[PDB]
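Structure first, then comments.
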Amino acid sequence: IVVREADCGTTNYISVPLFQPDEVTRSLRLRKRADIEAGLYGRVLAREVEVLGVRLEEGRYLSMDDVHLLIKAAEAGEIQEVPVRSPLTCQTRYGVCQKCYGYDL
Ligand SMILES: [Zn+2]
């Protein structure tokens with residue numbers, strides 16, 4: 001597996017959950033500031049999301065500052081999932097692309 005690309009054109013994406021079904025039977029709650037971070041830090045937005053006032057555009061890499069906004073938004077109740085590129089859905093057979101990997105070099 002190696003990053004060798006051009007933005008892989010296949011946009012099939014994963015949606016990262018901000019809520020979990022069962023610590024206590026059923027009660028929706030905001031995931032931890034950590035796990036959520038793990039899921040969306042420096043990722044590439046598959047589709048555009050308008051949340052608290054700002055228009056996170058498509059393909060934008062979300063900084064930790066941005067993944068700090070989305071939670072602040074899920075706190076308010078504006079989003080329950082997040083559209084985002086990922087290696088699980090890449091088209092580059094042997095390899096992964098810039099937009100699907102993300103930030104973290
Ligand atoms: Zn890709």
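The analysis underlying the following values was restricted to heavy atoms, covering all of them including side chains, and did not include hydrogens, waters or symmetry mates. Heads up: numbering here begins at 1 and tracks the sequence. Start at 1 and go down the list; that is how both ligands and their atoms are numbered.
The Zn ion (ligand 1) has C8 SG, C90 SG, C97 SG, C100 SG as protein N, O or S atoms under 2.8 Å away.
Other residues, nucleotides and ligands place more than 12 heavy atoms under 6.0 Å from the CD atom of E5. Within 6.0 Å of CZ in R4 there are more than 12 heavy atoms belonging to other residues, nucleotides or ligands.
The aromatic rings of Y103 and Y61 sit parallel to each other, their planes meeting at less than 30°, with 60° as the upper class boundary.
Ion pairing between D7 and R85 holds under the 4.0 Å rule for side-chain N and carboxylate O.
Applying side-chain contact (heavy atoms from CB on, under 4.5 Å) to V82 and the options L56, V51, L40, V67 leaves one that passes, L40.
In this view, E48 and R55 satisfy the side-chain hydrogen bond (donor to acceptor under 3.5 Å, both in side chains) rule, not counting sequence neighbours.
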